[PDB]
$ cat my_file_21.txt   # compact mmCIF, C-alpha atoms and all ligand atoms
# COMPACT_ATOMS: atom_id res chain seq x y z
CA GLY A 1 -42.01 94.57 -8.07
CA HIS A 2 -39.18 97.07 -7.47
CA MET A 3 -35.85 98.01 -9.13
CA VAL A 4 -32.71 96.62 -7.54
CA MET A 5 -29.98 99.23 -7.17
CA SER A 6 -26.27 98.61 -7.40
CA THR A 7 -24.25 99.58 -4.32
CA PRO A 8 -21.75 102.33 -4.89
CA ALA A 9 -18.07 101.87 -4.00
CA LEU A 10 -17.00 103.72 -0.86
CA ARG A 11 -13.51 104.97 -0.04
CA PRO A 12 -12.04 107.20 2.69
CA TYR A 13 -11.72 110.93 2.07
CA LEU A 14 -8.33 112.05 0.76
CA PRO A 15 -6.84 115.59 0.81
CA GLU A 16 -7.10 115.62 -3.00
CA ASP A 17 -10.87 115.23 -2.69
CA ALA A 18 -11.22 118.62 -1.00
CA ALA A 19 -12.73 120.46 -3.99
CA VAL A 20 -15.09 117.75 -5.34
CA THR A 21 -16.45 117.25 -1.80
CA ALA A 22 -17.13 120.97 -1.42
CA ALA A 23 -18.78 120.82 -4.85
CA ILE A 24 -21.12 117.91 -3.95
CA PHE A 25 -22.01 119.71 -0.71
CA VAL A 26 -23.03 123.05 -2.26
CA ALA A 27 -24.84 121.42 -5.23
CA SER A 28 -26.75 119.09 -2.87
CA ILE A 29 -27.85 122.06 -0.74
CA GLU A 30 -28.79 124.39 -3.64
CA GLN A 31 -30.79 121.79 -5.53
CA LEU A 32 -32.31 119.50 -2.86
CA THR A 33 -33.48 121.72 -0.01
CA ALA A 34 -35.87 124.30 -1.58
CA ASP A 35 -39.05 122.86 -0.14
CA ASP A 36 -37.79 123.25 3.41
CA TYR A 37 -35.29 126.11 3.28
CA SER A 38 -35.50 129.57 1.75
CA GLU A 39 -32.93 131.10 -0.63
CA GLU A 40 -30.96 132.81 2.17
CA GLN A 41 -30.94 129.78 4.47
CA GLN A 42 -29.50 127.66 1.62
CA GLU A 43 -26.83 130.30 0.97
CA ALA A 44 -25.66 130.37 4.60
CA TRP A 45 -25.69 126.56 4.85
CA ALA A 46 -23.64 126.20 1.60
CA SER A 47 -21.31 129.05 2.54
CA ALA A 48 -19.57 126.60 4.89
CA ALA A 49 -17.54 125.34 1.90
CA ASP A 50 -16.23 128.95 1.48
CA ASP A 51 -13.58 128.58 4.18
CA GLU A 52 -11.72 125.86 2.26
CA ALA A 53 -9.17 124.99 4.95
CA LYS A 54 -11.82 124.72 7.68
CA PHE A 55 -14.26 122.77 5.47
CA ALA A 56 -11.40 120.36 4.65
CA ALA A 57 -10.28 120.17 8.33
CA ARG A 58 -13.76 119.12 9.46
CA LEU A 59 -13.70 116.31 6.88
CA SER A 60 -10.10 115.14 7.39
CA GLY A 61 -10.42 115.12 11.19
CA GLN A 62 -13.58 113.00 11.06
CA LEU A 63 -14.33 109.60 9.51
CA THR A 64 -15.36 110.67 6.01
CA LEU A 65 -16.32 108.31 3.20
CA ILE A 66 -16.83 109.14 -0.46
CA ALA A 67 -19.35 107.26 -2.62
CA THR A 68 -18.27 106.66 -6.22
CA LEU A 69 -20.04 105.52 -9.41
CA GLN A 70 -17.71 104.63 -12.34
CA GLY A 71 -14.99 106.11 -10.10
CA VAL A 72 -16.69 109.52 -10.03
CA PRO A 73 -17.52 110.90 -6.56
CA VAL A 74 -21.31 111.26 -6.25
CA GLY A 75 -21.78 111.56 -2.46
CA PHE A 76 -20.07 111.66 0.93
CA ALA A 77 -20.80 111.23 4.63
CA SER A 78 -18.95 111.97 7.84
CA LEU A 79 -18.93 110.45 11.27
CA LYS A 80 -17.86 112.75 14.12
CA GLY A 81 -16.60 111.14 17.33
CA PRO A 82 -18.09 107.78 18.32
CA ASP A 83 -21.76 108.38 17.43
CA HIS A 84 -22.49 111.54 15.40
CA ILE A 85 -23.57 111.51 11.79
CA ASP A 86 -22.07 114.90 11.03
CA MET A 87 -22.60 115.05 7.25
CA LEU A 88 -24.54 113.30 4.48
CA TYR A 89 -24.56 114.87 1.00
CA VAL A 90 -25.40 113.15 -2.28
CA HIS A 91 -24.96 115.05 -5.55
CA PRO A 92 -28.40 116.16 -6.92
CA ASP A 93 -27.78 114.26 -10.18
CA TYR A 94 -27.40 110.96 -8.25
CA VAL A 95 -30.17 110.97 -5.63
CA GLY A 96 -32.67 108.07 -5.42
CA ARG A 97 -29.95 105.52 -6.25
CA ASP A 98 -29.30 104.19 -2.72
CA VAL A 99 -26.06 106.24 -2.43
CA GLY A 100 -27.27 107.84 0.86
CA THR A 101 -28.25 104.42 2.27
CA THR A 102 -24.92 102.82 1.35
CA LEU A 103 -23.05 105.72 2.98
CA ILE A 104 -25.09 105.64 6.19
CA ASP A 105 -24.87 101.83 6.53
CA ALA A 106 -21.05 102.25 6.38
CA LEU A 107 -21.15 104.89 9.13
CA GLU A 108 -23.30 102.69 11.41
CA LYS A 109 -20.94 99.68 10.93
CA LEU A 110 -17.99 101.99 11.65
CA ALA A 111 -19.73 103.42 14.73
CA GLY A 112 -20.83 100.02 16.09
CA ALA A 113 -17.21 98.84 15.71
CA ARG A 114 -16.21 101.80 17.95
CA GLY A 115 -18.48 100.98 20.92
CA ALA A 116 -21.39 103.25 20.01
CA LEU A 117 -24.85 102.02 20.92
CA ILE A 118 -26.86 105.10 19.97
CA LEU A 119 -26.06 106.84 16.67
CA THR A 120 -27.24 110.44 16.45
CA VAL A 121 -27.86 112.97 13.65
CA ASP A 122 -29.16 116.55 13.53
CA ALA A 123 -31.21 115.95 10.38
CA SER A 124 -32.20 118.71 7.97
CA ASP A 125 -35.96 118.92 7.33
CA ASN A 126 -35.60 117.46 3.82
CA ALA A 127 -33.56 114.46 5.06
CA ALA A 128 -35.83 113.92 8.07
CA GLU A 129 -37.98 111.26 6.31
CA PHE A 130 -34.91 109.51 4.87
CA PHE A 131 -33.50 109.01 8.38
CA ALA A 132 -36.84 107.96 9.89
CA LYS A 133 -37.15 105.09 7.35
CA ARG A 134 -33.78 103.75 8.63
CA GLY A 135 -34.88 103.58 12.25
CA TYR A 136 -33.87 107.07 13.42
CA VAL A 137 -36.38 108.52 15.86
CA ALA A 138 -37.00 112.26 16.26
CA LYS A 139 -36.02 113.44 19.72
CA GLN A 140 -35.59 117.22 19.58
CA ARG A 141 -36.41 120.00 17.13
CA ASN A 142 -33.57 122.56 17.05
CA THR A 143 -32.50 125.76 15.39
CA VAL A 144 -28.89 126.15 14.34
CA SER A 145 -27.23 129.51 13.69
CA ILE A 146 -25.07 129.32 10.54
CA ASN A 147 -23.45 132.38 9.00
CA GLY A 148 -26.03 134.70 10.56
CA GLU A 149 -29.04 132.61 9.50
CA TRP A 150 -31.31 130.39 11.56
CA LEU A 151 -32.14 126.93 10.16
CA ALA A 152 -34.36 124.27 11.72
CA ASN A 153 -33.35 120.63 12.13
CA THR A 154 -34.22 117.63 14.26
CA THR A 155 -32.03 115.50 16.50
CA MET A 156 -32.86 111.88 15.69
CA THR A 157 -31.28 108.81 17.29
CA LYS A 158 -30.88 105.15 16.33
CA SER A 159 -30.09 102.20 18.63
CA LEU A 160 -27.37 100.01 17.08
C1 LIG A 201 -26.30 115.84 9.24
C2 LIG A 201 -26.65 116.01 7.98
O1 LIG A 201 -25.81 116.13 7.10
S1 LIG A 201 -28.28 116.07 7.61
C3 LIG A 201 -28.36 116.95 6.09
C4 LIG A 201 -28.62 115.87 5.06
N1 LIG A 201 -28.28 116.42 3.76
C5 LIG A 201 -29.09 117.13 3.00
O2 LIG A 201 -30.24 117.41 3.32
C6 LIG A 201 -28.53 117.57 1.68
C7 LIG A 201 -29.59 117.34 0.59
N2 LIG A 201 -29.99 115.94 0.44
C8 LIG A 201 -29.35 114.95 -0.02
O3 LIG A 201 -28.09 115.11 -0.44
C9 LIG A 201 -30.02 113.58 -0.14
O4 LIG A 201 -31.41 113.75 -0.49
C10 LIG A 201 -29.85 112.59 1.04
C11 LIG A 201 -28.39 112.67 1.48
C12 LIG A 201 -30.77 112.97 2.20
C13 LIG A 201 -30.20 111.16 0.62
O5 LIG A 201 -29.51 110.72 -0.56
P1 LIG A 201 -30.04 109.56 -1.56
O6 LIG A 201 -28.84 108.95 -2.23
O7 LIG A 201 -31.17 110.11 -2.40
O8 LIG A 201 -30.65 108.48 -0.57
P2 LIG A 201 -31.18 107.02 -1.04
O9 LIG A 201 -31.26 106.94 -2.55
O10 LIG A 201 -30.45 105.97 -0.24
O11 LIG A 201 -32.67 107.05 -0.42
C14 LIG A 201 -33.57 108.15 -0.57
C15 LIG A 201 -34.93 107.60 -1.00
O12 LIG A 201 -34.83 107.13 -2.34
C16 LIG A 201 -35.44 105.83 -2.42
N3 LIG A 201 -34.90 105.03 -3.55
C17 LIG A 201 -33.66 104.58 -3.74
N4 LIG A 201 -33.61 103.90 -4.92
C18 LIG A 201 -34.84 103.96 -5.47
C19 LIG A 201 -35.48 103.45 -6.72
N5 LIG A 201 -34.76 102.74 -7.62
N6 LIG A 201 -36.80 103.71 -6.94
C20 LIG A 201 -37.52 104.42 -6.05
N7 LIG A 201 -36.97 104.89 -4.91
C21 LIG A 201 -35.66 104.68 -4.60
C22 LIG A 201 -35.30 105.20 -1.05
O13 LIG A 201 -36.35 104.27 -0.80
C23 LIG A 201 -35.38 106.41 -0.14
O14 LIG A 201 -36.72 106.62 0.32
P3 LIG A 201 -37.04 107.41 1.70
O15 LIG A 201 -36.82 108.89 1.44
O16 LIG A 201 -38.48 107.02 1.97
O17 LIG A 201 -36.04 106.85 2.70
$ encode --input "my_file_21.txt" --output "structure tokens"
Amino acid sequence: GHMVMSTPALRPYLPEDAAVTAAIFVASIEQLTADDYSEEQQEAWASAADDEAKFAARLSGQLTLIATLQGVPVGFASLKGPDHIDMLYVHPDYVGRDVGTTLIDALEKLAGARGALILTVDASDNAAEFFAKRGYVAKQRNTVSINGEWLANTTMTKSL
């Protein structure tokens, strides 16, 4: 037997959500990535929320959904263009609750409804297994340069 999770509510990202989104993003990175990323890597990755206008522009100019529980934002994800999973960040206090899964299902429905046949994500090493269990297949190991740091990830694709 297994526990049955509730599905969180999802709503589009609003300009007023700028700060809570940046807060979920940095807390998710700090607290959930230690086994695959060193102190300095995590700091460069998180530092993206530093440029507030540009962090908010990336969100507002993409298809960005916010997961809520009791109306409190606990996670968000972002589709870029037709077929890129650009962002997936669940607050560290709310992981293991099918928030990530709910968010990603919404992005795949949204992307299918836009023509896309092959969804793609550059998955962080800690989220690699998560994506693989949902039919994403590792295609290419990469390094990304972020704020003067190098961080590994893997391009993984899913047929819709
Ligand atoms: C492009 C990008 O943005 S990639 C970068 C991705 N982001 C990050 O790495 C930031 C740090 N990480 C995170 O924020 C999160 O760990 C995420 C986003 C990867 C996933 O968020 P979560 O809400 O924990 O995902 P969710 O709960 O749907 O599933 C995670 C696991 O918990 C499990 N789970 C869910 N509910 C339960 C439960 N009641 N009992 C046991 N296990 C459970 C799922 O089976 C799943 O297993 P898997 O890892 O084998 O797939």
$ atom_distance --input "my_file_21.txt" --atom1 "atom CA of residue 121 of chain A" --atom2 "atom CA of residue 23 of chain A"
22.1 Å
$ residues_around --input "my_file_21.txt" --residues "residue 11 of chain A" --least-positions-apart "6" --cutoff "7 Å" --atoms "only C-alpha atoms" --output "JSON list (two decimals) with C-alpha atoms, in the coordinates of the input"
[["chain", "number", "residue", "atom", "x", "y", "z"],
["A", 65, "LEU", "CA", -16.32, 108.31, 3.20],
["A", 66, "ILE", "CA", -16.83, 109.14, -0.46],
["A", 67, "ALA", "CA", -19.35, 107.26, -2.62]]
$ residues_around --input "my_file_21.txt" --residues "residue 21 of chain A" --least-positions-apart "3" --cutoff "9 Å" --atoms "only C-alpha atoms" --output "compact mmCIF listing (two decimals) with C-alpha atoms, in the frame of the given file"
# COMPACT_ATOMS: atom_id res chain seq x y z
CA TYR A 13 -11.72 110.93 2.07
CA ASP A 17 -10.87 115.23 -2.69
CA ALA A 18 -11.22 118.62 -1.00
CA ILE A 24 -21.12 117.91 -3.95
CA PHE A 25 -22.01 119.71 -0.71
CA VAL A 26 -23.03 123.05 -2.26
CA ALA A 49 -17.54 125.34 1.90
CA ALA A 56 -11.40 120.36 4.65
CA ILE A 66 -16.83 109.14 -0.46
CA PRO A 73 -17.52 110.90 -6.56
CA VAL A 74 -21.31 111.26 -6.25
CA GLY A 75 -21.78 111.56 -2.46
CA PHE A 76 -20.07 111.66 0.93
CA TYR A 89 -24.56 114.87 1.00
$ closest_atom_pairs --input "my_file_21.txt" --of "chain A" --to "ligand LIG 201 (chain A)" --cutoff "9 Å" --atoms "all atoms listed in the file" --output "JSON lines"
{"residue": "A:2", "atom": "CA", "partner": "A:LIG201", "partner_atom": "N6", "distance": 7.1}
{"residue": "A:3", "atom": "CA", "partner": "A:LIG201", "partner_atom": "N5", "distance": 5.1}
{"residue": "A:4", "atom": "CA", "partner": "A:LIG201", "partner_atom": "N5", "distance": 6.5}
{"residue": "A:5", "atom": "CA", "partner": "A:LIG201", "partner_atom": "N5", "distance": 5.9}
{"residue": "A:24", "atom": "CA", "partner": "A:LIG201", "partner_atom": "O3", "distance": 8.3}
{"residue": "A:25", "atom": "CA", "partner": "A:LIG201", "partner_atom": "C6", "distance": 7.3}
{"residue": "A:26", "atom": "CA", "partner": "A:LIG201", "partner_atom": "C6", "distance": 8.7}
{"residue": "A:27", "atom": "CA", "partner": "A:LIG201", "partner_atom": "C7", "distance": 8.5}
{"residue": "A:28", "atom": "CA", "partner": "A:LIG201", "partner_atom": "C7", "distance": 4.8}
{"residue": "A:29", "atom": "CA", "partner": "A:LIG201", "partner_atom": "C6", "distance": 5.1}
{"residue": "A:30", "atom": "CA", "partner": "A:LIG201", "partner_atom": "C7", "distance": 8.3}
{"residue": "A:31", "atom": "CA", "partner": "A:LIG201", "partner_atom": "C7", "distance": 7.7}
{"residue": "A:32", "atom": "CA", "partner": "A:LIG201", "partner_atom": "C7", "distance": 4.9}
{"residue": "A:33", "atom": "CA", "partner": "A:LIG201", "partner_atom": "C7", "distance": 5.9}
{"residue": "A:74", "atom": "CA", "partner": "A:LIG201", "partner_atom": "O6", "distance": 8.8}
{"residue": "A:75", "atom": "CA", "partner": "A:LIG201", "partner_atom": "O3", "distance": 7.5}
{"residue": "A:76", "atom": "CA", "partner": "A:LIG201", "partner_atom": "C11", "distance": 8.4}
{"residue": "A:77", "atom": "CA", "partner": "A:LIG201", "partner_atom": "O1", "distance": 7.4}
{"residue": "A:78", "atom": "CA", "partner": "A:LIG201", "partner_atom": "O1", "distance": 8.1}
{"residue": "A:84", "atom": "CA", "partner": "A:LIG201", "partner_atom": "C1", "distance": 8.4}
{"residue": "A:85", "atom": "CA", "partner": "A:LIG201", "partner_atom": "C1", "distance": 5.7}
{"residue": "A:86", "atom": "CA", "partner": "A:LIG201", "partner_atom": "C1", "distance": 4.7}
{"residue": "A:87", "atom": "CA", "partner": "A:LIG201", "partner_atom": "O1", "distance": 3.4}
{"residue": "A:88", "atom": "CA", "partner": "A:LIG201", "partner_atom": "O1", "distance": 4.1}
{"residue": "A:89", "atom": "CA", "partner": "A:LIG201", "partner_atom": "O3", "distance": 3.8}
{"residue": "A:90", "atom": "CA", "partner": "A:LIG201", "partner_atom": "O3", "distance": 3.8}
{"residue": "A:91", "atom": "CA", "partner": "A:LIG201", "partner_atom": "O3", "distance": 6.0}
{"residue": "A:92", "atom": "CA", "partner": "A:LIG201", "partner_atom": "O3", "distance": 6.6}
{"residue": "A:94", "atom": "CA", "partner": "A:LIG201", "partner_atom": "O6", "distance": 6.5}
{"residue": "A:95", "atom": "CA", "partner": "A:LIG201", "partner_atom": "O7", "distance": 3.5}
{"residue": "A:96", "atom": "CA", "partner": "A:LIG201", "partner_atom": "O9", "distance": 3.4}
{"residue": "A:97", "atom": "CA", "partner": "A:LIG201", "partner_atom": "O9", "distance": 4.2}
{"residue": "A:98", "atom": "CA", "partner": "A:LIG201", "partner_atom": "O10", "distance": 3.3}
{"residue": "A:99", "atom": "CA", "partner": "A:LIG201", "partner_atom": "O6", "distance": 3.9}
{"residue": "A:100", "atom": "CA", "partner": "A:LIG201", "partner_atom": "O6", "distance": 3.6}
{"residue": "A:101", "atom": "CA", "partner": "A:LIG201", "partner_atom": "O10", "distance": 3.7}
{"residue": "A:102", "atom": "CA", "partner": "A:LIG201", "partner_atom": "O10", "distance": 6.6}
{"residue": "A:103", "atom": "CA", "partner": "A:LIG201", "partner_atom": "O10", "distance": 8.1}
{"residue": "A:104", "atom": "CA", "partner": "A:LIG201", "partner_atom": "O10", "distance": 8.4}
{"residue": "A:121", "atom": "CA", "partner": "A:LIG201", "partner_atom": "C1", "distance": 5.5}
{"residue": "A:122", "atom": "CA", "partner": "A:LIG201", "partner_atom": "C1", "distance": 5.2}
{"residue": "A:123", "atom": "CA", "partner": "A:LIG201", "partner_atom": "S1", "distance": 4.0}
{"residue": "A:124", "atom": "CA", "partner": "A:LIG201", "partner_atom": "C3", "distance": 4.6}
{"residue": "A:125", "atom": "CA", "partner": "A:LIG201", "partner_atom": "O2", "distance": 7.1}
{"residue": "A:126", "atom": "CA", "partner": "A:LIG201", "partner_atom": "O2", "distance": 5.4}
{"residue": "A:127", "atom": "CA", "partner": "A:LIG201", "partner_atom": "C12", "distance": 4.3}
{"residue": "A:128", "atom": "CA", "partner": "A:LIG201", "partner_atom": "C12", "distance": 7.8}
{"residue": "A:129", "atom": "CA", "partner": "A:LIG201", "partner_atom": "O15", "distance": 5.5}
{"residue": "A:130", "atom": "CA", "partner": "A:LIG201", "partner_atom": "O17", "distance": 3.6}
{"residue": "A:131", "atom": "CA", "partner": "A:LIG201", "partner_atom": "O17", "distance": 6.6}
{"residue": "A:132", "atom": "CA", "partner": "A:LIG201", "partner_atom": "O17", "distance": 7.3}
{"residue": "A:133", "atom": "CA", "partner": "A:LIG201", "partner_atom": "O17", "distance": 5.1}
{"residue": "A:134", "atom": "CA", "partner": "A:LIG201", "partner_atom": "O17", "distance": 7.1}
{"residue": "A:153", "atom": "CA", "partner": "A:LIG201", "partner_atom": "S1", "distance": 8.2}
$ closest_residue --input "my_file_21.txt" --among "A:54, A:142, A:118, A:69" --to "residue 83 of chain A" --atoms "only C-alpha atoms"
A:118
$ residues_around --input "my_file_21.txt" --residues "residue 112 of chain A" --least-positions-apart "2" --cutoff "12 Å" --atoms "all atoms listed in the file" --output "PDB file with C-alpha atoms, keeping the file's coordinate frame"
ATOM      1  CA  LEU A  79     -18.930 110.450  11.270  1.00  0.00           C
ATOM      2  CA  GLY A  81     -16.600 111.140  17.330  1.00  0.00           C
ATOM      3  CA  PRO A  82     -18.090 107.780  18.320  1.00  0.00           C
ATOM      4  CA  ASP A  83     -21.760 108.380  17.430  1.00  0.00           C
ATOM      5  CA  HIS A  84     -22.490 111.540  15.400  1.00  0.00           C
ATOM      6  CA  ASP A 105     -24.870 101.830   6.530  1.00  0.00           C
ATOM      7  CA  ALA A 106     -21.050 102.250   6.380  1.00  0.00           C
ATOM      8  CA  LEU A 107     -21.150 104.890   9.130  1.00  0.00           C
ATOM      9  CA  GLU A 108     -23.300 102.690  11.410  1.00  0.00           C
ATOM     10  CA  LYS A 109     -20.940  99.680  10.930  1.00  0.00           C
ATOM     11  CA  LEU A 110     -17.990 101.990  11.650  1.00  0.00           C
ATOM     12  CA  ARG A 114     -16.210 101.800  17.950  1.00  0.00           C
ATOM     13  CA  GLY A 115     -18.480 100.980  20.920  1.00  0.00           C
ATOM     14  CA  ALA A 116     -21.390 103.250  20.010  1.00  0.00           C
ATOM     15  CA  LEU A 117     -24.850 102.020  20.920  1.00  0.00           C
ATOM     16  CA  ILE A 118     -26.860 105.100  19.970  1.00  0.00           C
ATOM     17  CA  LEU A 119     -26.060 106.840  16.670  1.00  0.00           C
ATOM     18  CA  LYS A 158     -30.880 105.150  16.330  1.00  0.00           C
ATOM     19  CA  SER A 159     -30.090 102.200  18.630  1.00  0.00           C
ATOM     20  CA  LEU A 160     -27.370 100.010  17.080  1.00  0.00           C
TER      21      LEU A 160
END
$ closest_residue --input "my_file_21.txt" --among "A:53, A:46, A:156, A:151" --to "residue 138 of chain A" --atoms "only C-alpha atoms"
A:156
$ atom_distance --input "my_file_21.txt" --atom1 "atom CA of residue 9 of chain A" --atom2 "atom CA of residue 45 of chain A"
27.3 Å
$ atom_distance --input "my_file_21.txt" --atom1 "atom CA of residue 139 of chain A" --atom2 "atom CA of residue 80 of chain A"
19.0 Å
$ decode --input "my_file_21.txt" --residues "segment 80-155 of chain A" --atoms "C-alpha atoms" --output "JSON list (two decimals), in the first residue's frame"
[["chain", "number", "residue", "atom", "x", "y", "z"],
["A", 80, "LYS", "CA", 9.82, 28.39, -22.45],
["A", 81, "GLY", "CA", 8.72, 28.44, -26.09],
["A", 82, "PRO", "CA", 6.85, 25.39, -27.41],
["A", 83, "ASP", "CA", 8.84, 22.59, -25.74],
["A", 84, "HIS", "CA", 11.31, 23.70, -23.03],
["A", 85, "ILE", "CA", 10.84, 23.01, -19.35],
["A", 86, "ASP", "CA", 12.79, 26.05, -18.25],
["A", 87, "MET", "CA", 12.17, 25.94, -14.48],
["A", 88, "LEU", "CA", 10.87, 23.59, -11.79],
["A", 89, "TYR", "CA", 11.29, 24.60, -8.13],
["A", 90, "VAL", "CA", 9.37, 23.24, -5.15],
["A", 91, "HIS", "CA", 9.91, 24.81, -1.71],
["A", 92, "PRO", "CA", 12.09, 22.50, 0.47],
["A", 93, "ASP", "CA", 9.34, 22.31, 3.12],
["A", 94, "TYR", "CA", 6.89, 20.84, 0.56],
["A", 95, "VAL", "CA", 8.89, 18.28, -1.43],
["A", 96, "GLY", "CA", 7.68, 14.65, -1.72],
["A", 97, "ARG", "CA", 4.04, 15.77, -1.94],
["A", 98, "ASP", "CA", 3.54, 15.42, -5.72],
["A", 99, "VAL", "CA", 3.82, 19.22, -6.22],
["A", 100, "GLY", "CA", 6.60, 18.74, -8.84],
["A", 101, "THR", "CA", 4.56, 16.08, -10.68],
["A", 102, "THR", "CA", 1.40, 18.21, -10.74],
["A", 103, "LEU", "CA", 3.40, 21.16, -12.10],
["A", 104, "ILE", "CA", 5.13, 19.14, -14.82],
["A", 105, "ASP", "CA", 1.91, 17.39, -15.93],
["A", 106, "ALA", "CA", 0.43, 20.90, -16.43],
["A", 107, "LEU", "CA", 3.43, 21.95, -18.54],
["A", 108, "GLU", "CA", 3.18, 18.83, -20.75],
["A", 109, "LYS", "CA", -0.58, 19.39, -21.33],
["A", 110, "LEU", "CA", 0.17, 23.04, -22.14],
["A", 111, "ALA", "CA", 3.00, 22.05, -24.49],
["A", 112, "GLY", "CA", 1.01, 19.29, -26.25],
["A", 113, "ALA", "CA", -1.79, 21.84, -26.80],
["A", 114, "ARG", "CA", 0.83, 24.04, -28.58],
["A", 115, "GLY", "CA", 1.99, 21.46, -31.16],
["A", 116, "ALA", "CA", 5.03, 20.16, -29.28],
["A", 117, "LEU", "CA", 5.86, 16.49, -29.74],
["A", 118, "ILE", "CA", 9.15, 16.37, -27.84],
["A", 119, "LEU", "CA", 9.36, 18.17, -24.48],
["A", 120, "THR", "CA", 12.89, 18.98, -23.34],
["A", 121, "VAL", "CA", 14.58, 19.91, -20.04],
["A", 122, "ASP", "CA", 18.17, 20.60, -18.97],
["A", 123, "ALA", "CA", 17.80, 18.75, -15.67],
["A", 124, "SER", "CA", 19.95, 19.46, -12.63],
["A", 125, "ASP", "CA", 21.73, 16.37, -11.24],
["A", 126, "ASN", "CA", 19.40, 16.20, -8.22],
["A", 127, "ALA", "CA", 16.25, 16.35, -10.39],
["A", 128, "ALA", "CA", 17.65, 13.92, -12.96],
["A", 129, "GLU", "CA", 15.96, 10.85, -11.37],
["A", 130, "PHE", "CA", 12.66, 12.72, -10.91],
["A", 131, "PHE", "CA", 12.50, 13.44, -14.65],
["A", 132, "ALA", "CA", 13.58, 9.93, -15.67],
["A", 133, "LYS", "CA", 10.64, 8.39, -13.72],
["A", 134, "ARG", "CA", 8.27, 10.53, -15.86],
["A", 135, "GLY", "CA", 9.60, 9.25, -19.16],
["A", 136, "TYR", "CA", 12.37, 11.79, -19.80],
["A", 137, "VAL", "CA", 15.42, 10.18, -21.40],
["A", 138, "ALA", "CA", 18.96, 11.50, -20.93],
["A", 139, "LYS", "CA", 20.41, 12.69, -24.22],
["A", 140, "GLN", "CA", 23.35, 14.97, -23.43],
["A", 141, "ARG", "CA", 25.44, 15.83, -20.38],
["A", 142, "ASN", "CA", 26.24, 19.58, -20.35],
["A", 143, "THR", "CA", 27.99, 22.22, -18.33],
["A", 144, "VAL", "CA", 26.35, 25.60, -17.94],
["A", 145, "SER", "CA", 28.22, 28.77, -16.99],
["A", 146, "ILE", "CA", 26.22, 30.75, -14.40],
["A", 147, "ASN", "CA", 27.63, 33.80, -12.63],
["A", 148, "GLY", "CA", 31.21, 32.63, -13.19],
["A", 149, "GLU", "CA", 30.59, 29.06, -12.00],
["A", 150, "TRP", "CA", 30.32, 25.84, -13.97],
["A", 151, "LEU", "CA", 27.42, 23.48, -13.14],
["A", 152, "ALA", "CA", 26.64, 20.13, -14.74],
["A", 153, "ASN", "CA", 23.21, 19.14, -16.03],
["A", 154, "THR", "CA", 21.65, 16.73, -18.50],
["A", 155, "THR", "CA", 19.42, 17.39, -21.48]]
